[PDB]
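Colleague: this one is an experimental structure. Sequence first:
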Amino acid sequence: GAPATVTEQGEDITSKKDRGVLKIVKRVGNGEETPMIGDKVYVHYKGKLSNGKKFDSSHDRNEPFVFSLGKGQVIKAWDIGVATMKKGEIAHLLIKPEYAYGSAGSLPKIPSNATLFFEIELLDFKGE
Ligand SMILES: COc1cc2cc(OC)c1OCCCCCCOC(=O)[C@@H]1CCCCN1C(=O)[C@H]2C1CCCCC1
């Protein structure tokens, strides 16, 4: 599956280099500029738990997911991950619990010490 491929070939984009966030670019973006902290960011995504028991896509809500990058409004893996993306890029991220919902989880939606997988498309990003 795609998460296997990420565990196998994916780049470790953490600072501590602890493999808590692994990344593959699946479709290359355009431009050279990757969003700065504070930028308003527009994405589509598809997410799932490694346990295979919960899925979630922005498309289900029928609109872009929108957030301010680096302002803690998403899990840390997204702040780190999306900051590496270009306009038009699609990436896969595999995420250990320390960069997602930790040992507490977010019950019952995200269980304790869960690993997450996302496919993310970066649509646009604007200066605040
Ligand atoms: C759309 O609903 C949710 C989707 C996720 C997590 C949630 O809260 C814990 C959700 O509930 C309320 C929305 C909160 C959005 C902020 C918290 O979620 C997040 O930071 C990450 C990254 C942005 C997309 C949503 N997200 C999620 O973790 C989803 C998960 C949904 C359950 C499967 C794994 C993904």
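Modeller: Noted; the coordinates are in hand. Numbers count the residues shown, from 1 in each chain.

Colleague: if I look at residue 75, how far off is residue 107?
Modeller: Applying C-beta to C-beta, to the nearest Å, the value for residue 75 to residue 107 is 15 Å. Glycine gets a C-beta too; all of them are placed from N, C-alpha and C.

Colleague: wait, what's in contact with residue 68?
Modeller: Residue 68 sits next to 38-41, 128 when contact means C-beta atoms under 8 Å, 6 or more residues apart in numbering.

Colleague: where does the residue nearest the centre of the chain land in three-state SS?
Modeller: Centroid-nearest residue in the chain: residue 78, 4.1 Å away (criterion: C-alpha atoms, centre = their mean). Secondary structure assignment for residue 78 (DSSP: H, G, I helix; E, B strand; the rest coil): helix.

Colleague: so who does residue 101 touch?
Modeller: Contact partners of residue 101, counting by C-beta under 8 Å, 6+ apart, are 75, 110, 114.

Colleague: wait, residue 54 sits on residue 108?
Modeller: No: assessed by C-beta atoms under 8 Å, residue 54 is found out of contact with residue 108, at 9.5 Å.

Colleague: who's more crowded, the two?
Modeller: More neighbours surround residue 54 than the other of residue 54 and residue 108, with 14 against 7 (other C-beta atoms under 10 Å).

Colleague: enumerate the beta-bridge partners assigned to whichever residue of the chain sits closest to the ligand.
Modeller: The ligand sits closest to residue 47 of the chain, with a gap of 3.1 Å, by C-beta to the nearest ligand atom. Taking DSSP bridges as the rule, residue 47 bridges to residue 56, residue 118.
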